[PDB]
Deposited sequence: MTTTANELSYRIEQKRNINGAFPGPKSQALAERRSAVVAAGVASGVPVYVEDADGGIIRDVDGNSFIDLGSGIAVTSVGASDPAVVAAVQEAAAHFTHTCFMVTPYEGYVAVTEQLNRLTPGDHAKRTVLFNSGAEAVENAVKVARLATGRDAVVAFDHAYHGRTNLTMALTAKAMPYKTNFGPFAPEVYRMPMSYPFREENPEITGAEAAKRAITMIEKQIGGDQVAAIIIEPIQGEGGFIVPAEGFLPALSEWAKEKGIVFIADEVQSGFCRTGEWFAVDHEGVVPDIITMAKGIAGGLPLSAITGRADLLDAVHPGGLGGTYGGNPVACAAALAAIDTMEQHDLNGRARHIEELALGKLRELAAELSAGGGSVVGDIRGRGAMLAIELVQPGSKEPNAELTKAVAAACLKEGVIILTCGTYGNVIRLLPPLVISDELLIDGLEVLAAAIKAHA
């Protein structure tokens, strides 16, 4: 049940007048480099629709980059936010604490993998979350080196840039970068030089390399996205993540899962690591956690997090009470409406339609992902060379028909589906039809 009509509806040309008016204002005051993928301006976002200031209704297949999984306007979240704001907007937990912070931490304790003793701290952005996971790994182990992987993306602060693989646009001319970061090869099945390589073997490759080029006893943390997001929704071969987890335990290395994009029901489980039952030492979270309000978290082993001295982790806004109210509601919606189930159902629908399309075409290199985090990697016809041209084209074509869809990938050639998990089957099918049509058209 929704608030605004859940149907795709484009009334004439866009951007419309009111959108154009805003663009004009924008170019006088916002930095030129801050671009938007979409030229229309939101007035309402709800269920699977973005409606613009000129009354056009677009299908939302990005959920704000995997943020509004509960929908951009979940009545529970809205209510929670409205009520909390009326009491106090901020007191800074480090100064005067409040129940919202604790309550959220209780939930994250419960929902994260593993049954061992865990603790949590809250911050605002995903970047902050990763920054804090690495601080904890470094302090708790007494070691320096952090290993990240090819195709990794972890943020836009200096260290998270360091941890991020792709240079354009995230890194160029923003260094020098935080030291003692090392990059290791990823399990990326579709582009392995030896297509027969298994996950275990891909892990052994990374491990040998870490051991020869750093030494296991020198590494503070291994940080990896269980499904790499911006890198192109790369899902590692079965057996890779457990092999890294087991080795990390053996060498005393903190294993950090970055579940900022993949966390909170997005993949059909509470966390992407749950597909393989990997139990990380620390997990970084943001995006979906608070239904669009700015909140992020790390939850990890009590012995690691409790090692940090008093006042060593924190920030001003972190664990904001309005954001916390949002999160508690958001999580509540995830449970009440079985969004894990909704995500699994989306996978079935969408992989269905996408595989039908593969069977007609050839420009479709690889279809992959889990739950509501799915992707199609587009290639040059008859080879494996990347096709970023087609990818830009298809996004634009979708936008023209009233479907907002995101792209990604190291080679710029991956279309990603990140619908809100509360999307209706009707809308999702409509979106997929538009997408399918667009690919065939170019």
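Missing from the model, by position in the deposited sequence, are residues 1 to 8, 370 to 374, 456.
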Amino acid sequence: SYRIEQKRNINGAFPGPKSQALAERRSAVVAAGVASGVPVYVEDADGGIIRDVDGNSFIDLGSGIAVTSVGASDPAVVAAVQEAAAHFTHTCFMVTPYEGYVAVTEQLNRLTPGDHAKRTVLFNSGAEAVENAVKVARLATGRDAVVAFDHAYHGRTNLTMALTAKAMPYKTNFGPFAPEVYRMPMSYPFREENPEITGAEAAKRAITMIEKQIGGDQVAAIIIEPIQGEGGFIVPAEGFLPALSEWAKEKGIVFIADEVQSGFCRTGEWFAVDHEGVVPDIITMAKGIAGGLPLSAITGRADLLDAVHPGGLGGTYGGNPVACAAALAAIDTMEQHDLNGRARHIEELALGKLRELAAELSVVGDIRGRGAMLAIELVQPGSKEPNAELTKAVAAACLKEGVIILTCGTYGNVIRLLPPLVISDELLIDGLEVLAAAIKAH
From here on, numbers count along this sequence of modelled residues.
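Legend: mean Cα B-factor per stretch from the PDB entry, 340 to 348 versus 323 to 331; the higher mean is in 340 to 348.
Comparing 293 to 301 with 366 to 374, the stretch with the higher mean C-alpha B-factor in the PDB entry is 366 to 374. Comparing the C-alpha B-factors of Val67, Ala45, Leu61, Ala28 in the entry, the top value falls on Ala28. The deposited CA B-factor of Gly100 belongs to the lowest third of values across its chain. When the modelled residues of the chain are ordered by C-alpha B-factor, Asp144 sits in the middle third. In this PDB entry, the Cα temperature factor of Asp306 sits in the bottom third of its chain's modelled residues, the lowest group. When the modelled residues of the chain are ordered by C-alpha B-factor, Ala359 sits in the highest third. The entry lists a Cα temperature factor for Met94 that places it in the middle third of the chain's modelled residues.
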